[PDB]
Amino acid sequence: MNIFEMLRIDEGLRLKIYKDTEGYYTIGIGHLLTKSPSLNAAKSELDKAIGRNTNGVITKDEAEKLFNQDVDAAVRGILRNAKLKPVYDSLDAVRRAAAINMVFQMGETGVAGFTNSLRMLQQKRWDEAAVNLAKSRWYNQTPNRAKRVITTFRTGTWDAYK
Ligand SMILES: CCOc1ccccc1O
Ligand SMILES: CCOc1ccccc1O
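Residues numbered from 1 in each chain as written, not as in the entry; some residues may be left out. Chains lettered and ligands numbered in written order. Heavy atoms only, no water. Residues with missing side-chain atoms left out of burial classes, pairs and counts.

- Per the deposited record, the coordinates in this entry were obtained by X-ray crystallography to a resolution of 1.700 Å.

So, in structure tokens, the structure goes:
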């Protein structure tokens, strides 16, 4: 298991435009196109991302290319964030993957709400962190995914991903 396999499980793979759990146009492996309710606006973003007129469909290779970019961007974003970087650097590699997963799903804006969890994670108070993480809109709206990510933070193992 690694961050690519983990996110592939959590995000799935779809080669045509679809709406994610929040109702936003998405393609591939969790590649958010736009929060606009306009399908045309999403098709434009897709074409811009792929570099051709796609008509709302992409190949597996293209999906994977966007995915690699998205993962890279998530990590690079963490490292450029003065609040996230020190916590990220304090973690082992397994727990780092849990961190990347969260940023991938909700963005740096989304994880901004997690100040108290971040502190407990930097303190390595894993069970406390786990309890605090579940007290969230995130957990309530995507409980099964959140439980997997939380177990990963709690244990520093890949047990939740078999
Ligand atoms: C991972 C998303 O997969 C789908 C979404 C909407 C319709 C069919 C899908 O397989
Ligand atoms: C609760 C979110 O956890 C993290 C996110 C980004 C970097 C390090 C983290 O512990």
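Still more to cover.
**Section: the overall build of the chain**
Logical step 1: For the chain, the helix and strand inventory stands at nine helices and three strands.
Logical step 2: Ordered by position from N to C terminus, the α and β elements of the chain give α-β-β-β-α-α-α-α-α-α-α-α.
Logical step 3: Relative to the globule expectation of 15 Å for 162 residues, the C-alpha radius of gyration of the chain, 16 Å, shows essentially globular dimensions.
Logical step 4: Dimensions of the chain along its principal axes, counting C-alpha atoms only, are 50 × 30 × 30 Å. (Helix = DSSP H or I, 4+ residues; strand = E, 2+ residues; numbered from the N terminus. Rg over C-alpha atoms; globule rule 2.2 N^0.38 Å.)

**Structural notes on the nonpolar core**
Logical step 1: Core analysis: the biggest nonpolar cluster contains 34 residues, and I3, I100, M102, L133, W138, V149 and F153 have the highest contact counts within it.
Logical step 2: At the level of secondary structure, the elements contributing two or more residues to this core comprise α1 (3-11), α3 (60-80), α4 (84-90), α5 (93-111), α6 (115-122), α7 (126-133) and α9 (143-155).
Logical step 3: The leading source of residues in this core is α5, at eight residues.
Logical step 4: Not counting chain neighbours up to four residues away, the residues in contact with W138 comprise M102, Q105, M106, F114, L133, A146, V149 and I150. (Core = buried A, V, L, I, M, F, W, Y, C linked by side-chain atoms within 4.5 Å. Buried < 20%, exposed > 50% of the residue type's maximum accessible area, 1.4 Å probe, protein only. Contact = heavy atoms within 4.5 Å.)

**Details of the UniProt feature "active site" in the chain**
Logical step 1: Feature annotation in UniProt assigns "active site" to the following positions: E11 and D20.
Logical step 2: Structurally, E11 can be placed in helix α1.
Logical step 3: Filtering out sequence-adjacent residues up to four positions away, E11 remains in contact with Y18, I29, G30, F104 and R145.
Logical step 4: If you trace the backbone, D20 turns up in the loop between β1 (14-19) and β2 (25-28). (UniProt positions renumbered as here; feature names shortened; annotations may be inferred.)

**Structural notes on the pattern of salt bridges**
Logical step 1: Under the definition given, this model contains nine salt bridges.
Logical step 2: Notably, a salt bridge pairs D10 with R145, separated by 3.8 Å at the nearest N-O pair. Of the two residues, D10 is situated in helix α1 and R145 in helix α9; the sequence distance between them amounts to 135 residues.
Logical step 3: For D10, a relative accessible area of 13% gives the class buried.
Logical step 4: Between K48 and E45 there is a salt bridge, and its shortest N-O distance comes to 2.8 Å. A residue pair is termed a helical-turn pair when its members lie 3 or 4 positions apart in one helix, as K48 and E45 do in helix α2 (residues 39-50) at three residues.
Logical step 5: The exposure class of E45 is partly exposed, given its relative accessible area of 28%. (Salt bridge = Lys/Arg side-chain N within 4 Å of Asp/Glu carboxyl O.)

**Overview of the site of ligand 1**
Logical step 1: Every residue close to ligand 1 is listed here: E11, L13, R14 and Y18.
Logical step 2: Taken by itself ligand 1 offers 300 Å² of open surface, and the protein chains cover 52% of this. (Near = heavy atom within 4 Å. Areas by Shrake-Rupley, 256 points an atom, 1.4 Å probe, with all protein chains shown as cover.)

**Some details on α9**
Logical step 1: The first and last C-alpha atoms of α9 sit 18 Å apart over 13 residues, in line with the 18 Å expected at 1.5 Å per residue.
Logical step 2: Note on α9: the residue one or two positions beyond its end, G156, has a positive phi of about 65°. (Expected span 1.5 Å × (residues − 1).)

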